[PDB]
Each structure stands twice: as C-alpha cells, then as structure tokens.
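Since the structure comes first, as structure tokens, the remarks are kept for the end.
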Amino acid sequence: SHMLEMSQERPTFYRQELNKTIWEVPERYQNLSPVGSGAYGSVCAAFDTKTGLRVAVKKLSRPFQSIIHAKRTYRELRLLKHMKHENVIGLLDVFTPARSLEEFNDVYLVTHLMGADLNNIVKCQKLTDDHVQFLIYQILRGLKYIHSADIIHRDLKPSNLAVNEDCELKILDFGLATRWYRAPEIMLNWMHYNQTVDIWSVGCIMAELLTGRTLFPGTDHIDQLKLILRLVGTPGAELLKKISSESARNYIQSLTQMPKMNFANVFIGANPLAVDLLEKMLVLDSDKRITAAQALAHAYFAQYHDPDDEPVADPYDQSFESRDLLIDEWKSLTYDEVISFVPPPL
Ligand SMILES: Nc1ccccc1Nc1ccc2c(c1)CCc1ccccc1C2=O
C-alpha cells in the first residue's frame with residue numbers, strides 16, 4: 001500500500017536483421033516478421049511473451065530528422081498514449097533501446113496484431129449486409145470516441161482501418177487511393193471544417209463495402225469534385241455563401257448544374273436503411289451532415305447499437321501544439337513520454 005520501488009531494471013534487448021535493417025527490441029518480443037512490405041511503415045508481427053498474444057511492432061527510425069518530424073513524432077505518441085478504445089489503435093508498449101536521452105534515436109510502438117487492412121478484406125470477399133453493418137458500426141463507434149476528445153482523423157480510408165479475422169476493426173494512423181475518401185470541404189479547403197469530414201469518409205467507405213467499388217474514383221482534384229457533384233447535386237447559393245475561398249465558388253459555378261441523384265438507383269440491392277444512412281452522410285453541407293453519435297442511433301445499426309457501450313474519451317490537452325521548439329526540445333519531450341508510459345493491465 002505504501003511500499004515503493006526504489007529502482008527498476010531495464011529489459012534485456014536483442015538485435016536482429018529485418019527489412020534489411022537492425023531491429024533492437026526487448027526479449028519479451030519473439031518471432032518477428034515484417035507485414036505489409038513498407039505500406040504501413042516498418043511494422044513487424046511478433047509474439048509477445050508477456051501478454052501471450054500476437055502484436056504489431058512499429059519502428060520509427062527517423063522520428064527527429066527535422067523540427068517538423070520531431071513535433072509529429074511527439075504528437076503521434078501523445079495521441080496513441082491517449083487513445084483507449086476497442087475500435088482505435090492504442091498502445092500495449094512503447095520502448096527505446098537507448099539507456100539515456102543522449103543515446104535516444106529510435107522509437108518502437110506496440111499494439112495488438114489485427115492481420116489485415118480493410119482493403120485486403122474487400123479484395124478477398126464480398127461482404128454481407130451483416131459484415132457491413134458491423135464494420136461501419138465499429139468505425140462510427142471509434143469516431144464517436146475520437147471526436148469527443150476534439151480530435152479529427154482527416155484521412156480516413158480503407159488502408160487506415162485494421163481488421164482481424166473476427167471482423168473486429170480498429171482505426172489506425174490519424175491524418176495531418178489517397179483522395180477518393182476525402183471530404184470536399186477539405187479537398188479544396190472551403191472553410192475551417194468540422195468533425196464531420198470523417199463522416200463523409202465513412203459514407204465513401206460504406207458505399208464501397210456495399211457496391212464492391214470506389215464511389216468517387218477521381219483522377220485528380222477537379223475530376224473528383226465533378227464525380228461528387230454528380231451524385232449529391234450542385235450546391236445552392238446559400239451553401240456557397242458559407243464557404244470562404246472565392247476561387248472555389250467561381251469554378252463550381254462554371255460547371256453544369258446538376259440535381260441530387262436518387263441514391264436507391266446507385267446502391268442497388270442494398271438494405272434501404274443503409275441507403276437512408278448514406279443520404280445523411282454524403283451531403284455537402286457539413287453543418288447538415290450526420291455526426292458519429294447521431295449515426296450510431298440510426299436504425300441501420302439496431303442489431304449492434306448500445307448507448308451504454310459507446311464510450312467517450314477523456315479530454316485531450318493539445319496545448320503543446322501552440323509551442324515552437326527546437327528538435328532537441330521535441331525529442332526530449334518525446335523521450336519523457338516514452339519512459340513515463342504505463343502499460344495496460346494484464
Ligand atoms: N499504428 C500503429 C501503432 C503501433 C503499432 C503498429 C501500428 N500500425 C499497424 C498495426 C497493426 C497492423 C497494421 C498497422 C497494418 C495493417 C495490417 C496489415 C497486415 C497485417 C497486419 C496488420 C495490422 O495488424
């Protein structure tokens with residue numbers, strides 16, 4: 001009760017070659033092998049002998065290359081240390097082989113191994129309506145939590161969604177096939193947007209899960225916008241009066257005017273509740289777009305929705321974002337976050 005530890009032992013590390021480079025990790029982690037071949041950024045699957053589960057270990061080897069990199073490393077670590085939710089990738093461990101700040105260079109992050117991203121899942125099977133309900137439900141459950149912490153993903157897409165063989169899903173890699181899921185207001189920066197940029201992305205993902213194909217496969221920014229307007233219709237005058245960029249307003253007004261298409265004619269053979277939900281997600285007016293919390297209560301998710309089991313996050317203090325610091329200062333803050341990490345219970 002009042003007994004304290006007067007010291008602590010560093011784990012024993014070992015070295016090995018993986019992806020043509022040396023990985024140095026605690027002996028806790030065994031049988032490492034690369035996954036994704038660079039797609040997700042130096043990630044190895046491993047067996048965690050402590051928790052007795054398969055883990056994914058991600059190595060950051062250039063985290064402090066510049067001020068921009070160092071601040072991003074700090075941001076990502078603070079975010080990941082904060083996220084504690086079934087549908088958001090969080091941290092089982094974070095470590096460095098360094099024995100002091102002086103020898104600090106590499107950061108390794110450890111999370112539960114999922115085994116695929118949603119892209120791989122879509123390629124390997126046609127998902128049933130039940131799969132789609134469950135996958136989208138989990139994305140929205142994760143987003144409710146993330147948004148409640150005043151965090152926006154900003155780049156939600158199938159490759160940022162980890163899925164396991166039990167159809168469980170977690171959201172990976174917060175932002176800030178690359179443009180197809182992006183909200184229009186952030187594609188051509190109309191305005192200081194809101195959290196529902198992520199809901200637009202969910203709508204695009206859900207559509208693809210239902211049809212088996214990309215909803216708006218644009219070849220560039222302008223083409224992408226044209227594909228969007230063809231479905232949702234050209235925005236009215238008042239929707240224009242709300243966006244700030246004069247360049248944007250001018251261009252879209254030169255385009256041929258189009259009415260909102262009938263969504264039932266696009267998402268054929270889909271559950272009518274699914275279609276109705278898509279109509280609430282895929283709207284241009286971000287002040288009218290459904291929220292994650294509102295979407296969770298939509299009848300489409302009647303089988304999964306449980307208001308008592310859709311938790312929100314603790315407030316997330318981002319005051320560090322307003323600081324302008326040197327590489328060594330961001331690096332020191334990051335080191336502090338590494339050594340102060342408290343692992344989840346067993
Ligand atoms: N974001 C973060 C933070 C800490 C540690 C790791 C990660 N990033 C991860 C974690 C797990 C997985 C993937 C990326 C990529 C998708 C994928 C594809 C293929 C096989 C497995 C997995 C998968 O489980």
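Numbers for residues simply follow the sequence, beginning at 1. Ligands are counted one by one from 1 in listed order, and the atoms in each one are counted from 1 as well. Hydrogens, waters and symmetry mates are skipped; everything else that's a heavy atom, side chains included, is used.
Nearest protein heavy-atom contact of atom 5 (C) of ligand 1 is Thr111 CG2, 3.5 Å. Protein heavy atom in closest approach to atom 23 (C) of ligand 1: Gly115 N, 3.8 Å. Taking atom 24 (O) of ligand 1 as the reference point, the nearest protein heavy-atom neighbour is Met114 N, 2.6 Å. Protein heavy atom at the shortest distance from atom 4 (C) of ligand 1 is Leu109 CB, 3.6 Å.
For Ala162, no heavy-atom contact with ligand 1 is shorter than 4.0 Å. Residue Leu172 touches ligand 1 through its side chain alone, judged by heavy-atom distances below 4.0 Å.
With no hydrogens or angles considered, a side-chain donor-acceptor pair links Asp317 and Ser319 at under 3.5 Å. Side-chain contact annotation: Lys170 with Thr111, donor-acceptor N/O pair under 3.5 Å absent.
Within the 4.0 Å heavy-atom cutoff, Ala116 counts among the residues contacting ligand 1. Within the 4.0 Å heavy-atom shell around ligand 1 one does not find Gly36.
Checked against a 3.5 angstrom limit, the closest N/O atoms of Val35 and ligand 1 fall outside it. At under 3.5 Å, not a single nitrogen or oxygen of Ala56, backbone or side chain, sits near a nitrogen or oxygen of ligand 1.
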*asked:* What verdict does the side-chain contact (heavy atoms from CB on, under 4.5 Å) test give for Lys242 and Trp190, after you've listed the backbone C-alpha separation in whole Å, the side-chain angles of each residue and the deciding distance to 0.1 Å?
replied: CA-CA 9 Å; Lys242 289 161 55 168; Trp190 272 335; over 6 Å; no
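Contact check on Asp93 versus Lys50 returns no salt bridge, with no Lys/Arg side-chain nitrogen under 4.0 Å from an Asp/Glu carboxylate oxygen.
For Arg249 (side chain) and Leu240 (main-chain N/O), a donor-acceptor pair under 3.5 Å exists by modelled atom type.
In summary, the aromatic rings of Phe64 and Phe104 are positioned with their centroids under 6.0 Å apart.
The residue from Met258, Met261, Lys260 that alone fulfils the side chain to side chain contact (heavy atoms under 4.5 Å, CB included) condition with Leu231 is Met261.
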